[PDB]
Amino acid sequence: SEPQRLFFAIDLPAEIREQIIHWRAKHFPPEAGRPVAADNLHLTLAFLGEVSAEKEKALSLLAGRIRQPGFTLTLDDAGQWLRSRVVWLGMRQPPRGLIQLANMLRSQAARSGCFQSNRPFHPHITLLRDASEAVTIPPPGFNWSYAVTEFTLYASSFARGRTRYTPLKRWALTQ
């Protein structure tokens, strides 16, 4: 049909999402920035931008040929990027498989003509947007650790008053 704004990402188990939003509400007032909805919390692997249906099929076939074992993410880091005006969660030492997976999807995107910045992959989970002022960043909560078993292609849209990330396809990682 019509083109969509697409990105590949890793999702978070519902319980960890709940812990994150509780932690965020505890540590950041509304004025700190605009909260990412619980269901929209994710770790982007590759951003594709606007993509026709034909190109989406092509990239989906490429993603489907990726053979990457699963890995575990332990979110032990938080920070703020003032240039992007985001507050994020992350991993001090991401597993090699995460980097490998993101690098493959980014290369596939770039080869298809998708704008990739030459910027190095910086894995993160955005918690607050429009965080234009420096705020104290506490460490994340305890034991936000989980096994990643798959990755997903999402469509991004703004409908009503809300950002919506819609899952289109998923691919298991080898476990």
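The term rigid core refers to the most C-alpha atoms you can superpose between the two forms while keeping them within 1.5 Å. One rule holds for the numbers: they count along the sequence shown, beginning at 1.
Student: Quick check: by Cα RMS after rigid core superposition, does 152 to 160 or 11 to 19 differ more from this form in 6 other deposited structures of this protein?
Tutor: Evaluated in 6 other deposited structures of this protein, the stretch farther from the shown form is 152 to 160.
Student: Could you tell me whether residue 49 lacks coordinates in at least a third of the other compared entries whose models cover its neighbours on both sides?
Tutor: Other entries vs residue 49: none skip it.
Student: For the other entries of this protein included in the comparison (both sides of the residue modelled), is residue 124 absent in a third of them or more?
Tutor: No; none of the other entries leave residue 124 out.
Student: Would you determine, from the values in the PDB entry, which of 139 to 147 and 108 to 116 has the greater average C-alpha temperature factor?
Tutor: The stretch with the larger average C-alpha B-factor is 108 to 116.
Student: Determine, for stretches 155 to 163 and 6 to 14, which one has the higher mean CA B-factor as deposited.
Tutor: Averaged over C-alpha atoms, the B-factors run higher in 155 to 163.
Student: When the CA B-factors of 48, 43, 36, 131 are compared as recorded in the entry, which is the largest?
Tutor: Of the options given, 131 has the highest CA B-factor in the PDB entry.
Student: Between 67, 26, 124, 57, which one tops the list for Cα B-factor in this entry?
Tutor: Comparing C-alpha B-factors across 67, 26, 124, 57, the top value belongs to 26.
Student: What third of its chain's C-alpha B-factors does residue 62 belong to: lowest, middle or highest?
Tutor: It belongs to the lowest third of the chain when residues are ordered by C-alpha B-factor.
Student: For residue 99, return the chain-relative third of its C-alpha B-factor as stated in the PDB record: lowest, middle or highest.
Tutor: Within its chain, residue 99 is a lowest-third residue by C-alpha B-factor, going by the deposited values.
Student: Based on the deposited C-alpha B factors for this chain, I'd like to know if residue 91 is in the lowest, middle or highest third.
Tutor: Its C-alpha B-factor belongs to the middle third of this chain's values.
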